[PDB]
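Student: pasting the structure only:
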């Protein structure tokens, strides 16, 4: 375990990550990603899409799979 998207995928396959926010200039960009798991929405933010997506998965894992080793 180490990659949030990878670990969540082990619990739920075919999840779709949606970019819901992209703001700030090329020097202060902020991305917000959202993932839906069991009708529940989880979001993650960051300076780039990859980490925003990872935080979105982490949020899902922290709620639904607390024991999953990071």
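Tutor: Thanks, I have the structure now. Numbering: from 1, shown residues only.

Student: quick one: the residue positioned nearest the centre of the chain and residue 27, what's the gap?
Tutor: Most central in the chain under Cα atoms, centre = their mean is residue 56, positioned 1.9 Å from the mean C-alpha point. Per Cβ to Cβ, to the nearest Å, residue 56 is found 24 Å from residue 27. In this view, the C-beta of every residue, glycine as well, is placed from N, C-alpha and C.

Student: at which residues are the helices of this protein located?
Tutor: 4-11, 49-64 (DSSP state H).

Student: which strands or helices does the shortest one pack on?
Tutor: So the one you mean is helix 4-11. Packed against helix 4-11 by the contact rule (3 or more Cβ pairs under 8 Å, 6 or more residues apart in numbering; DSSP states H and E) you find helix 49-64.

Student: between the helix it packs on and helix 4-11, what angle do the directions make?
Tutor: 40 degrees (axes from the mean of the first three to the mean of the last three Cα atoms, to 10 degrees).

Student: can you give me how far helix 49-64 is from the chain middle?
Tutor: How far helix 49-64 lies from its chain's middle: 3 Å, per Cα atoms, centre = their mean, to the nearest Å.

Student: my guess is residue 37 contacts residue 12, does it?
Tutor: Yes. Taking Cβ atoms under 8 Å as the definition, residue 37 is a contact partner of residue 12 at 5.8 Å.

Student: more neighbours, the two?
Tutor: residue 37 (19 against 15; other Cβ atoms under 10 Å).

Student: contact partners for that one?
Tutor: 8, 12, 15, 60, 64 (Cβ atoms under 8 Å, 6 or more residues apart in numbering).

Student: and for residue 61?
Tutor: Contact analysis of residue 61 by Cβ under 8 Å, 6+ apart lists 4, 7, 8, 11, 68, 70.

Student: please repeat the previous calculation with a cut-off of 6 Å.
Tutor: Contacts for residue 61 (Cβ atoms under 6 Å, 6 or more residues apart in numbering) come out as 8, 68.

Student: distance check, it against residue 22.
Tutor: For residue 61, the distance to residue 22 equals 24 Å [Cβ to Cβ].
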